[PDB]
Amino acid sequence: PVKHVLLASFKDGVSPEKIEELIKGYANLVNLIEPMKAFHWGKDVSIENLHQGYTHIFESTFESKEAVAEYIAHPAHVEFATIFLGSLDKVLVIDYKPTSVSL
């Protein structure tokens, strides 16, 4: 499954309540967008001080590379991204297929 990951920090002024609604708004793309299967997230609680300032991590689970492809090409995603991104000071995205060391 193509795992779609976004790491970011919320701009100055963004309230805890806005972030709550923003995250619920992002997770709602599972419902609005067929190719996006599951959505998980979390705040960072590391201890190594190597987080580069990023505070959250969002993980979405697609079935194929083409799925992430369409998702980006979805009008609901294009609309919502404006709302969310406007709340960020920085965004880091990664797309990978969980590879394992096995036989």
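One rule holds for the numbers: they count along the sequence shown, beginning at 1.
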{"item": "Mean temperature factor over C-alpha atoms, higher-scoring stretch between 90 to 98 and 7 to 15", "value": "7 to 15"}
{"item": "Selected stretch [higher average CA B-factor]: 40 to 48 or 62 to 70", "value": "62 to 70"}
{"item": "Third of the chain's Cα B-factor distribution that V78 belongs to, per the entry", "value": "highest"}
{"item": "Where the record places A27 (Cα B-factor, split into thirds across the chain)", "value": "middle"}
